[PDB]
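Given next are the chains, with one letter for each unit.
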Amino acid sequence: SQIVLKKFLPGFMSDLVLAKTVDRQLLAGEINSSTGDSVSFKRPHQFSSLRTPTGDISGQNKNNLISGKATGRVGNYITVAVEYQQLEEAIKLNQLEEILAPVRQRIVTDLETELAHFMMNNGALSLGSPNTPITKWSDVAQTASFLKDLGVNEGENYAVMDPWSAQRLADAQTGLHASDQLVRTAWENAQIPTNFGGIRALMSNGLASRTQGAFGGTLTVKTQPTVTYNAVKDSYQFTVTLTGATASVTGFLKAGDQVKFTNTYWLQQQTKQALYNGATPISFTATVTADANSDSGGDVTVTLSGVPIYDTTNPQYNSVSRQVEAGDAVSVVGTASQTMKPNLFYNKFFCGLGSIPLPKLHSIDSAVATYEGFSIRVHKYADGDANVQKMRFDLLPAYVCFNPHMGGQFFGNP
Amino acid sequence: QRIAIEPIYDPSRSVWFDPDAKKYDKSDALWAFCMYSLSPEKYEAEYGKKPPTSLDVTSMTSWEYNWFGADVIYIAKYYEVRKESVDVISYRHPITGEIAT
Amino acid sequence: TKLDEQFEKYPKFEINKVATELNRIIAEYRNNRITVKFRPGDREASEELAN
Amino acid sequence: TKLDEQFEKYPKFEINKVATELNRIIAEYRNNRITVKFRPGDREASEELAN
C-alpha cells in the first residue's frame, strides 16, 4: 500500500439549467465603477379611458404620469479558501491543479443554489397543493395556461422539475396510442420532448428545498394596508399585519410561504377582467420574503412580494378586483411544517444575473479561472512563517427582480 | 474569389483530428477541430453582445506556467465531410463544345 | 528550506546549450526554401497547363 | 523503497544513444528511393509493352 496512482477517482456533479434560462443580457457590464452598487431600469406605462355622451372632459381628472423603477443590487462574496503545508501538498500533486477541478464546480453550485433560493423567495404566482406531486400531463400545461391568461407574450416561458417527476411523465408518455416516434423515444431513452404542454420543460437534480414553518389558527388581516401605486412603484412590496395566529411562536412563517387572499381575484392585466379557472375564480397570492415571528396576542407582521394594487385615483394600474381591507380572511397553502422541493415556472424577463470583475490584488500573484462562462479570481499568498501557504477563490454576483408577477412555484393538483 | 494560405499558431493545443485517421497527411479523416484565442472586445465586435461568452475547456495549459490574463475566449472551427445527392445538368449546346455537365 | 526561520530559495542557474543545433537546422531550411511545382505530362498542351 | 515511511522512487534518467545509426539508415534510404522496373525481352514489340 505504498504505490498510489495519479488518477483521481470520479466524484458526483450537479446540473446547470438555471443560469442558462434567466436573462443575462440587460444586466451585463452595467454595474461599473461609475454606477455604484446598484442600477435601475424603467417600467412601462398604462392608461385609462373616459366614456361620455359628448366628450366633455372639463372636470374629470385626466390620466396622470407616474414612472416606476426596478433596481438590481450586488450580493455577498462567494469565497472558498484553503490552507496547507506546501511541501506535503507537493508530495504527489504538482502544479496545484488537483484543487482547481472540484472548486469551480463548488462555486457555480453555490451560485445557482442561491439563485434558485432568490427565485423561489421573490416569485408571486402559485399553483396547486404542495403535498401532491406531478404525475399527469395537465400538471405541466396548467402553468402555460396561467401564463397565457395573465397576458405575457414577448419572451420565452420555462418550467423546471426534479428527476423522478420526469420519469413519471415519460412513463405516462409510453402509454400513448398513436405517436410512434414519441412512444419509441420514451420506451428507449425515457426522454420527454422539448415542448411539453406549450411550455419548455426542463429537468434538474440540484434544486433548492425549503421548510414550511409551524402555523395555526384562522388567520385574518387586521389593518387595511396602503396599496396605492405611489407606495409600490419602486419595489412591488407591501407590509401587512395579521391576527388570529398562535399565542407566541418563533418562526411562524418561513421564507417562501404563500399567503392566499380568498376574496381578491386576479385580473387579466390589459382587459382588467377577473380570472375564471373553468370552475372557480383564481385568488390572489403573495410570497413571504423574510422570516417572521408571532408575539403575544397572535399578531404577525409580515412583508410580502407581489402587491394587490387597487388605487382609486389611478385606476389604470389596478391588478385586483377589490381592495384588501380589514377583517378579510387569508389562508396559507401546505401543511404545518413539512419539507418539500418546489418546482419553478417563470418567464424570460423574471430575474436577471450578472457578475462583477475583480481586480488583481497588489503585490500578490494571481490568476483567472473560467468555468461555464463565469470568471473566478484566485490569489496566492504566504501569510505566516509556519510553512502556511494560502489560496482563495472569489466571485461576486448580481441579482435583480423586474416584476414578481411572472413566476413562482407550482405543484400537482388532485 | 481567391485562395489564401494562412498560418496556424500553437498547433499542439489547437488542431485535433478524427482519431480514426492513421495516415501522415490525415487523408482518411471525417472531421477536425481548430482553436484560436479571442478577446471579449473582438468577441463583441463580431457575432453579438447579447449572449454572454462561453469558451471551450481543455484543461491543457497552465502546466507549469504563470497566468495573469483571463481576457481570452477559446473558439474553434469545425470541419465535416458529407456524402450528399446533387443533380447535375448537362448543357449540350453544340456551339463551342457540346458535352458540358 | 526554512534556513533559520526564512524561505531563502535554491540558486537555479540556466545555461542553454541545446538550441544551437535547432538554430542550425532552422537556418539550413531558411537558406533553401522549397515550394510546390507542377510537372507536365505527355500531351500536346500539358506544358501550357503546367505553366 | 519506504525511505522513512514514504515511497520516494529511484531517479531514472534516459540518454538515448541508439537512434543515431537508425536515423542514418533511414535517411540513406529516403535519399535514394527505389521502385519497380519492367525490363523488355528479345521480341519485336517487347519494348512498347514494357513502356
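Residues numbered from 1 in each chain as written, not as in the entry; some residues may be left out. Chains lettered and ligands numbered in written order. Part of a larger assembly, values for the part shown. Heavy atoms only, no water.

Its PDB header names cryo-EM as the technique used to obtain the model and reports a resolution of 3.71 Å.

Engineer: What's the story with the interface of chain A and chain B in this structure? I'm lost.
Structural biologist: When the parts of a complex come together, some accessible area is lost, and that lost area is often used as the size of the interface. The interface is formed by 11 residues belonging to chain A together with 15 residues belonging to chain B. Of the roughly 990 Å² buried at the junction of chain A and chain B (both faces included), carbon and sulfur atoms supply 46%. It is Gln25, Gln95 and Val368 of chain A that lose the most area in chain A upon contact with chain B, and together they represent 47% of the buried surface on that side. Linking chain A to chain B there are 0 salt bridges. Looking at the side of chain A that touches chain B element by element, the count peaks at 4 residues for strand β18 (residues 366-371) of chain A. For the side of chain A that touches chain B, the per-class residue count stands at 2 nonpolar, 5 polar and 4 charged. (Contact = heavy atoms within 4.5 Å. Buried area = accessible area lost by both parts, 1.4 Å probe. Salt bridge = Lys/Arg side-chain N within 4 Å of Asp/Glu carboxyl O. Helix = DSSP H or I, 4+ residues; strand = E, 2+ residues; numbered from the N terminus. Nonpolar A, V, L, I, M, F, W, Y, C, P; charged D, E, K, R; others polar.)

Engineer: Looking at this model, I keep getting lost on the packing of aromatic side chains. Mind explaining?
Structural biologist: By convention here, two paired aromatic rings are described through the distance between centres and the angle between planes. The tally for this structure, following the rule as stated, stands at 11 aromatic pairs over all chains. Between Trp31 of chain B and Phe33 of chain B, the ring centres sit 6.2 Å apart and the planes meet at 80°, which makes this aromatic pair edge-to-face. Accessibility expressed as a relative area gives 32% for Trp31 of chain B, which makes it partly exposed. A connected cluster of aromatic rings, assembled from ring pairs, spans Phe261, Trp266 and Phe284 of chain A. (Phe/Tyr/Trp six-rings, centres within 6.5 Å; stacked < 30°, edge-to-face > 60°. Buried < 20%, exposed > 50% of the residue type's maximum accessible area, 1.4 Å probe, protein only.)

Engineer: Quick question: what am I supposed to make of the sheet that holds strand β22 (residues 407-410) of chain A here?
Structural biologist: Strand pairing in a sheet relies on backbone hydrogen bonds. The paired strands run either parallel or antiparallel. All names here are of chain A. Read across the open sheet, the 6 strands follow the order β4-β22-β16-β5-β7-β6; overall the sheet is mixed. Each end of this open sheet is capped by a strand with a single partner; those strands are β4 (125-127) and β6 (195-196). Sheet analysis places strand β16 (residues 343-347) next to β22, joined by 4 bridges and oriented antiparallel. Counterpart to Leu344 in the pairing with β22 is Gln409. (Pairing = 2+ DSSP bridges.)

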